Amino acid sequence: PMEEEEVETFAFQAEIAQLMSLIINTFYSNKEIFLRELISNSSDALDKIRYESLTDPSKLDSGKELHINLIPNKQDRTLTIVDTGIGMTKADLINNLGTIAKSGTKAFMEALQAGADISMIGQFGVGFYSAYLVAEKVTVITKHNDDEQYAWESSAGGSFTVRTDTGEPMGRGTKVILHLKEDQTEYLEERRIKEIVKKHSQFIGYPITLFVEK
Ligand SMILES: Nc1ncnc2c1ncn2[C@@H]1O[C@@H]2COP(=O)(O)O[C@H]2[C@H]1O
């Protein structure tokens, strides 16, 4: 019997959409920073669950260990960043990843046309969009204590979708799946992945594990 599923389609805030287009349709050197950005956010989410749980231990019922996994997959050209942080609720997703204006956006987009490195992206608080340096399509699966597991997704172009996730239950945390663009498969190489972790994500304060298929 046929399953039904609710999809909600949202427009990105105008300047996000401008920023997203700028990321996708300009050449940038040094695109490797995208991974530093996503580890940072897991690091943030990880600090959050750690602190929130000192207030309330039961918040770790969804899992005690707080870590980041990196999962490259050469068959489907996805690199997946997994954390056991606080996760995002449906409203966390909609507000935080595209809906609500960010105050840095205009300044950063002026900083790029003046010729700053896309490295600067973190300090303007629009670092998540660096995913678009290397990915044609991003999926975010997220599970917060206070909420059901949701999937956000966007091929840029002005829009993203949210829906309840029907895939594997995660427990608590965030899964960012980068569907990588063809010319960017280097971020599937465990050599390359190790290189950039050690270069840029040195003193994130949670263990990081790379899983290599073979
Ligand atoms: N891995 C993650 N876990 C929890 N929340 C996240 C994650 N990635 C992004 N977010 C939310 O998306 C937001 C984007 O801007 P900020 O990094 O300031 O804050 C980020 C978080 O609020």
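Just follow the structure's listing: the first ligand is 1, and inside any ligand the first atom is 1. Numbers here are sequence positions counted from 1.
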By side chain to side chain donor-acceptor pair (under 3.5 Å) - contacts of [X] (at least two apart):
| X | answer |
| --- | --- |
| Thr161 | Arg163 |
| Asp56 | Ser58 |
| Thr174 | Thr142 |

Next on the checklist: Under a 3.5 Å threshold, yes or no: a donor from one side chain and an acceptor from the other, between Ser62 and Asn145?
Outcome noted: yes
Identify all pairs of nitrogen or oxygen atoms, one from ligand 1 and one from the protein, separated by less than 3.5 Å, and list them with distances.
{"residue": "ligand 1", "atom": "1 (N)", "partner": "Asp83", "partner atom": "OD2", "Å": "2.8"}
{"residue": "ligand 1", "atom": "3 (N)", "partner": "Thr174", "partner atom": "OG1", "Å": "3.1"}

Item to check | Ring centre gap for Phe34 and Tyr187 strictly below 6.0 Å | outcome: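 Between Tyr187 and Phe34, which both carry aromatic rings, the centre distance is below 6.0 Å.
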Next on the checklist: Salt bridge or not between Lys90 and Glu8? Use side-chain N to carboxylate O under 4.0 Å.
Outcome noted: yes
